[PDB]
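# What the coordinates show
As a plain string of letters, each chain reads:
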Amino acid sequence: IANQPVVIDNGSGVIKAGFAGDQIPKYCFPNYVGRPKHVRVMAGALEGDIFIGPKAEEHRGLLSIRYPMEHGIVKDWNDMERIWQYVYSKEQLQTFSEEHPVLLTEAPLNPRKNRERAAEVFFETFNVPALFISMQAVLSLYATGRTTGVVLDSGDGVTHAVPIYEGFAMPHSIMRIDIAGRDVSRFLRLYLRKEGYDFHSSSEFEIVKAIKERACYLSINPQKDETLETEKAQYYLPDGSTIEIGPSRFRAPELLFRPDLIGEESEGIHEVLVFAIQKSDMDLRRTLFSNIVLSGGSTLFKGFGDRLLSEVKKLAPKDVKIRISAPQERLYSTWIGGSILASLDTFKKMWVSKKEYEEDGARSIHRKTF
Amino acid sequence: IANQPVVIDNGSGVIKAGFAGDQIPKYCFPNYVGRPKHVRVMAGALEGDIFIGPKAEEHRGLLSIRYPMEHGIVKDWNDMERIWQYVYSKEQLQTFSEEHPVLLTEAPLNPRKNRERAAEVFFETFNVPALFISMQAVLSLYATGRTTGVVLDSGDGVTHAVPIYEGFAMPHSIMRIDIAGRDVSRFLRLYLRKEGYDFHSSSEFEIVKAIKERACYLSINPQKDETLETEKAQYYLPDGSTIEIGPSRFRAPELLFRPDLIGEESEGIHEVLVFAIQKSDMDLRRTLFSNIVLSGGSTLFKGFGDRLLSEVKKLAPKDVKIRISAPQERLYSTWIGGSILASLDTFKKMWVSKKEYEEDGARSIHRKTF
Amino acid sequence: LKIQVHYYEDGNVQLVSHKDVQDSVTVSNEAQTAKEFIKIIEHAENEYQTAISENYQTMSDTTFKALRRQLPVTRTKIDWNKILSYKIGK
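Residues numbered from 1 in each chain as written, not as in the entry; some residues may be left out. Chains lettered and ligands numbered in written order. Part of a larger assembly, values for the part shown. Heavy atoms only, no water.

If you check the header, you'll see the entry was determined by cryo-EM and the resolution is listed as 8.7 Å.

So, in C-alpha cells, the structure goes:
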C-alpha cells in the first residue's frame, strides 16, 4: 500500500496540510479549536459546536478560542485529535487516513512522551499504514536545495537554530527556546493595556496577532528609539474604532532578542544562532556562518534580518563573511521540504510501518527518527 | 520647601485623604461629582451646583451622580480636578496645594497617558512643589510591616494581585482584572430587577451599593446553595418600603470568583492570586503562599476569606501551608502605608520635584516610578 | 568506572567522574558467565552515561543556577538607578 503520502506539518500557531510532490500547501489554517461562548437559543444555528479552520476564523466573536499546542508541546490531546480528524475530513482533504502514508513534523528536543502519544493517535485512532516524524530544519534545507547551513526558525511556539553540514544534522548543537510569536503576541497585548486599549477575550486575542503581523517593526538601535519620541501611527480594528499604537509596536518584538522583558531567562534568537554555530566543530563554523536560512512567521518583522546581521557582527569573530539568506515563502518552507522528502523513492525505507509498530512499539519509532 | 506632605490615596469607589505620619485617614468620602437634576425655583437653595463629599451623600435624591473613575482609569478629567480641589479646600483639609508635597496612588498596569495627565494637573493647575505616584500593593505591605508576600486587593474598580519579595515588587507577575465592587453592585442591580425591584436612577444606584455592603454573604459551596431554596431575608430602604432580597444576595458576590456570569471571560480573584504566585519563581512560591494579604472593600463580604482559602486548596499544589492574613482596617490599609512611606526620610529621594518636571517632562515621571 | 573530558579553548572546562560498583554474581556456564558480566557492564555504563549526559544537561543547569541564577528572583534585570536611590529595612 504505497499511495500518494500526506504531509501534515504541525505547528502551535498554524498547521499546514496537503499531498506530496506539490509546489504549495493547499490546506493551511490556524491550529486551534473554537467553541461557542453564547447560548444557542434560535433553531437553525451553527451546528456541531466544535469549530476548526475557516469557520472559526469567520465566526471568531461567538467562539472561545483556545490553542492545544504551546511551545511545540500539545497540552490538550483531544483537541489535536479533532484537528487531525478535521484535516482528513471532507471539508479539507477529502481522503481516508487508511490509504495514504503520513509525514509528521515536530520541533527538535521535545518530550518523548508527546512523540509516543502522537504515534499512538496516528496508528490506533486513525488507521495509518505508515508514519514518519521528522525535523523542521532538515525539511527547510531540502526545500531550498542546500545541504550545508544553519536553519534559524521562528514560528508561534518554538525558536531553534539547527546546524547541518552535508546531510549531518548534529543533534547536540541544536539550540532551542520556549520564546516565539505567541509570547510576542502576549507581550504586545500587555503593552496595549499599558497604552490604554485592553483586550482580554479569546476571540479578541486574534486581533492582537493581526496588529502584530501588520503594524510592527524592529529597530536597529533600540537605545536610540527609546530616547526619541514615537509618531503614534493608527490602525483600524475589525469593528471600526481607531487605535493609536504608539511605542508598543517597536518594543513588542524586542522580546525575541531580549527575553528578560517578559520575565523568563533565555538566550534569545541572535544568541541561539551564534550558539548553534559555536557548539559545532571548528572547521565547519565558517560554512555555517555563510549559510544561515530563515523560516517561520516571526522572522517577517520589518528590519528583523538587518538586526540579526548586526547582532552576529557584534558577537561573532571579526573578518568573517556573514550571509543570512531566506526563501520568498518563509511560512511554507518546512512543508515544501516535506513534500519533496515524501515524493522521493527513499521515503519508503525511513518510515515506521503499522506492522513494525504493532510488533515493537515506541522503541522502533525512537530508533527510526535518530 | 519640605513641609508635611499630603497623602491622597485615589480609589474608584472611595477616596482617602490626610497628612503624613497619622494612624488613620481623617478625611474619607466617596469619589463622585453630584449635580442637580431638578430646576431651582426658590431662593436660599444649595449654592454652587457641584456637590462632592458629605453634602452629596446627604442630598442624593437631587443629584444626578456620575463617577469620574472607572477601573482605576479616570474618564472625566474635569470632575477629578474638582474633587482634588475640594480635597485641598476649606471644607476638608484647610490647606494650600502650594506648600505641601503630594503622595498619589494608582492601580498597576494602567494607561500611561492618564498618569501623565494626572501629573500635569498636580504640577500646572495646582502648584505642587513635589509629586510622587505609587502602587497599592507596596503600600499595604508597608502598613502591615512585612516585606515579602502577595497582596490580593479588591476595590470598587480593580482586582489585582502583586507578589513582592523583600522590598522588590515583581512587575512581570502582576495579574489584573476589571471586575470589582462596582461590577458586583451593577450585577446585584441587574439581579434585583429579576427579583422585582428596579433601581434605574444614578442617585438610586447608591441604594444597591448599601444593600451590597450590608446584606451579602459568600457561600462556600455554590452548587449546594443553588439546589436548596433560600429564606428570603428582608431589608428596609431609605424610604421605608420592605424588599425581600432572596437568592440575589448570595449569587451577587459570586461574580468575583465566577466572572462568566456578567458575560466576560476573565480569571477571577482566586485564579488571579494563583496565577500571580505561579508566574513568580519556584524558590519564592512557598513564601508567597504563606504571606497573602487582603485589602479593599470587596474583600469584606461574609465568608470571602474562607472561600478564597478553599479555592487556593483546589488549585495550588498539595501539602503547602496556606495563610490568608487580613488587617483590621482593610479599607484604609493602602493609605496607612502611604502615610508611613511619606514619614520616612528616603521619600525625599523618590519624589518628582517641580523643577525636574519642567526640565524633563513625562519621561522623568516614568523613570522615577519604575 | 572513571570518565574524563577536558576542553581548553578560550578557557578551560573539565569533566571528571567515577562510579564504584559492588555486585554479587552466581557462576553457572561459560556461555552464561560470559553474557552475564557483560550485561552488568552494559547496563551500568549506559545508566552511567545516561545519568552523566541527562542529569548534567538539566540538573547542572539548575544547580549551577541555584548557586548563581541567570536572572534575579524578580526575573527583571536589576535597575542601577533603583539601587543607587532606594532604602530597605525598618
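### A few points about the overall build of chain A
This is how the line gets drawn: Helix numbers and strand numbers start at the N terminus; a helix is a DSSP run of H or I with at least 4 residues, a strand a run of E with at least 2. Atoms counted for the radius of gyration: C-alpha only. Globule rule: 2.2 Å times the number of residues to the power 0.38. Only protein chains enter the accessibility calculation, which uses a 1.4 Å probe; a residue whose area is less than 20% of its type maximum is buried, one above 50% is exposed, and one in between is partly exposed. Note on definitions: a residue-residue contact is assigned when non-hydrogen atoms from the two residues lie within 4.5 Å. The charge count treats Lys and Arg as positive and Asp and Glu as negative. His and the chain ends do not count. Think of each charge as sitting on NZ of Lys, CZ of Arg, CG of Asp or CD of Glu.
Of the regular secondary structure elements, chain A holds 15 helices and 17 strands. For chain A, the C-alpha radius of gyration of 21 Å lies close to 21 Å, the compact-globule estimate for 370 residues. Dimensions of chain A, computed from C-alpha atoms along their principal axes, come out at roughly 70 × 65 × 35 Å. The buried share among the 370 residues of chain A stands at 53%. For chain A, restricting intrachain contacts to residue pairs at least 6 apart in sequence, the fraction spanning at least 24 positions comes to 68%. Between the centroid of the 48 positive side chains of chain A and the centroid of its 50 negative side chains there is a distance of 2 Å.

### Focus on the interface of chain C and chain A
Put simply, the rule is: In this description, buried area is defined as the sum, over both parts, of the accessible area (probe of 1.4 Å) that is lost when the two are combined. Any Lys or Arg side-chain nitrogen located within 4 Å of an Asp or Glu carboxyl oxygen qualifies as a salt bridge.
Every contact between the two is made by 7 residues of chain C and, on the other side, 8 residues of chain A. Both sides together, the interface formed by chain C and chain A hides about 640 Å², and carbon and sulfur atoms give 43% of it. The interface formed by chain C and chain A holds 3 salt bridges in total. Across the pair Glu265 of chain A and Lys65 of chain C runs a salt bridge whose closest N-O atoms are separated by 2.9 Å.

### Notes on the interface of chain A and chain B
Frequently, the measure chosen for interface size is the accessible area removed from exposure when the parts meet. To keep things clear, this is the line we draw: The definition of a polar contact used here is a pair of N or O atoms within 3.5 Å, where within protein one atom must be able to donate a hydrogen and the other to accept one, and adjacent residues in sequence count solely through side-chain atom pairs. When residue character is reported, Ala, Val, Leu, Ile, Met, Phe, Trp, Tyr, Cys and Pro are called nonpolar, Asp, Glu, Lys and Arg charged, and the others, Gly included, polar.
Contacts between the two partners involve 18 residues from chain A and, on the opposite side, 11 residues from chain B. Carbon and sulfur atoms supply 42% of the area buried between chain A and chain B, which totals about 1200 Å² over both sides. For chain A, the biggest contributors to the area lost against chain B are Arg193, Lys194 and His200 of chain A; these three give 43% of the whole. Joining chain A to chain B, the criterion identifies 1 salt bridge. On inspection of chain A and its partner chain B, the count reaches 3 residue pairs in polar contact. For the side of chain A that touches chain B, the element with the most residues is helix 5 (residues 181-195) of chain A, which contributes 4 residues. Of the residues belonging to the side of chain A that touches chain B, the class tally is 3 nonpolar, 6 polar and 9 charged.

### What to know about the pairing of strand 8 (residues 102-105) of chain A
Residue and element names in this part refer to chain A. As a reminder, the rule being used: Should DSSP find at least two bridges between two strands, the strands are regarded as paired. Looking down the strands as they point away from the viewer, one classifies a crossover as right-handed if the path from the first strand across the helix to the second runs clockwise.
Here strand 8 shows two buried faces, one formed by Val102 and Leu104 and the other by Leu103 and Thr105. Pairing of strand 1 (residues 6-8) with strand 8 involves 3 bridges; the strand directions are parallel. The residue bridging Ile8 from the neighbouring strand is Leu104, located in strand 8. As paired elements, strand 8 and strand 9 (residues 130-134) share 4 bridges and run parallel to each other. The residue bridging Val102 from the neighbouring strand is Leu131, located in strand 9. Viewed along the sheet, the connection from strand 8 through helix 3 (residues 112-125) into strand 9 turns out right-handed.

### Observations regarding helix 12 (residues 333-343) of chain B
Most of helix 12 of chain B is tucked away, with 9 of its 11 residues classed as buried. Among the residues making up helix 12 of chain B, those that are buried are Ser333, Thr334, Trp335, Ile336, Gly337, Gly338, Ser339, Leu341 and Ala342 of chain B.

### Quick notes on helix 5 (residues 181-195) of chain B
Residues and elements named next belong to chain B. Under the convention used in this document: Expected helix span is computed as 1.5 Å times (number of residues minus one).
With 15 residues, helix 5 extends 21 Å from end C-alpha to end C-alpha; this agrees with the ideal 21 Å at 1.5 Å per step. For helix 5, the full list of buried residues reads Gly181, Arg182, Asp183, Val184, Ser185, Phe187, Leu188, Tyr191 and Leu192. Contacts made by the buried residues of helix 5 are with strand 4 (69-70), helix 6 (205-214) and helix 8 (248-251). Once helix 5 ends, the next one or two residues include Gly196, with phi positive near 155°.

### Quick word on the packing of aromatic side chains
Given two aromatic rings, one states the distance between the centres and the angle between the planes to describe the pair. Residues and elements named next belong to chain A. Filter applied, for reference: Only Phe, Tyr and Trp rings take part, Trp by its six-membered ring, and two of them pair if their centres are within 6.5 Å. Stacked means planes under 30 degrees apart, edge-to-face means over 60, and tilted covers everything else. By definition, being over a ring means that NZ of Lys or CZ of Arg is both within 6 Å of the ring centre and within 35 degrees of the ring normal.
Using the criterion set out here, one finds 25 aromatic pairs over all chains in the structure. A ring pair is formed by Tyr32 and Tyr67, whose centres lie 5.9 Å apart and whose planes are at 90°; its orientation type is edge-to-face. Residue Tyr32 is located in the loop between strand 3 (27-30) and strand 4 (33-36), and its partner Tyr67 is located in the loop between strand 5 (63-66) and strand 6 (69-70); the two are separated by 35 residues in the primary sequence. Residue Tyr67 is classed as buried on the basis of its relative accessible area, which comes to 17%. By way of ring pairs, the aromatic residues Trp77, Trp84, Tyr88, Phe122 and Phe126 are connected into one cluster. One residue, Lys194, lies across the ring of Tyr191, its end atom 5.4 Å from the ring centre. Stacked on the ring of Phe257, the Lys or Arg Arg307 has its end atom at 4.8 Å from the ring centre.

### Considering the pattern of salt bridges
Inspection of the entire model under this criterion finds 39 salt bridges over all chains. With a shortest N-O distance of 4.0 Å, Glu81 of chain B and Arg117 of chain B are connected by a salt bridge. In this pair, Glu81 of chain B is assigned in helix 2 (residues 77-88) and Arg117 of chain B in helix 3 (residues 112-125), connecting sequence segments 36 residues apart. Given a relative accessible area of 33%, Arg117 of chain B falls into the partly exposed group. A salt bridge links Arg69 of chain C to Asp281 of chain B; the shortest N-O distance between them is 2.6 Å. Note that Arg69 of chain C is positioned in the loop between helix 1 (30-67) and helix 2 (80-83) and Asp281 of chain B in the loop between helix 9 (269-279) and helix 10 (285-290), a pairing that runs across two chains. Each of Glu265 of chain A, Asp281 of chain B together with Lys65, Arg69 and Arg75 of chain C takes part in salt bridges that share partners, so that together they form one network.

### A short note on the environment of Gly305 of chain B
Counting through the fold element by element, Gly305 of chain B comes out in helix 11 (residues 304-315). C-alpha separation for the pair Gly305 of chain B and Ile324 of chain B, spaced 19 residues apart in sequence, amounts to 7.1 Å.

### Details of the sheet that holds strand 14 (residues 324-325) of chain B
All names here are of chain B. Strand order across the open sheet formed by 5 strands is 10-9-8-13-14, with mixed pairing between neighbours. The open sheet has two edge strands, strand 10 (175-177) and strand 14, and neither has a second partner. Direction of pairing for strand 9 (residues 159-164) relative to strand 10: antiparallel, over a ladder of 3 bridges. Bridging from a neighbouring strand, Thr159 pairs with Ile177 of strand 10.

### A closer look at the sheet that holds strand 6 (residues 102-105) of chain B
Whenever strands of a sheet pair, they do so through backbone hydrogen bonds, lying parallel or antiparallel. The 4 strands are arranged 1-6-7-15 (chain B) in an open sheet whose pairing can be described as mixed. Every interior strand has two partners, whereas the edge strands, strand 1 (6-8) and strand 15 (352-353) of chain B, have only one.

### Considering the packing of helix 3 of chain A against helix 15 (residues 362-369) of chain A
Residues and elements named next belong to chain A. Applicable threshold: Axis geometry follows a simple rule: fit a line to the C-alpha atoms, using only the stretch in contact for helices, then measure angles between N-to-C directions, giving values from 0 to 180 degrees. Here the angle decides the label: under 35 degrees means roughly parallel, over 145 means roughly antiparallel, 65 to 115 means roughly perpendicular, and every other value means oblique. Handedness of a helix crossing follows the sense of rotation of the near helix relative to the far helix, less than a right angle counterclockwise being left-handed and clockwise being right-handed.
The geometry of helix 3 relative to helix 15 is characterised by a closest axis approach of 10 Å and an angle of 110° between their N-to-C directions. Comparing their axes, helix 15 and helix 3 come out roughly perpendicular. In the packing of helix 3 onto helix 15, the handedness of the crossing is right-handed. Contacts from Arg112, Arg115, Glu116, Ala119 and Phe123 in helix 3 reach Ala362, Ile365, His366 and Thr369 in helix 15. In the contact of helix 3 with helix 15, the residues fall into 4 nonpolar, 2 polar and 3 charged.

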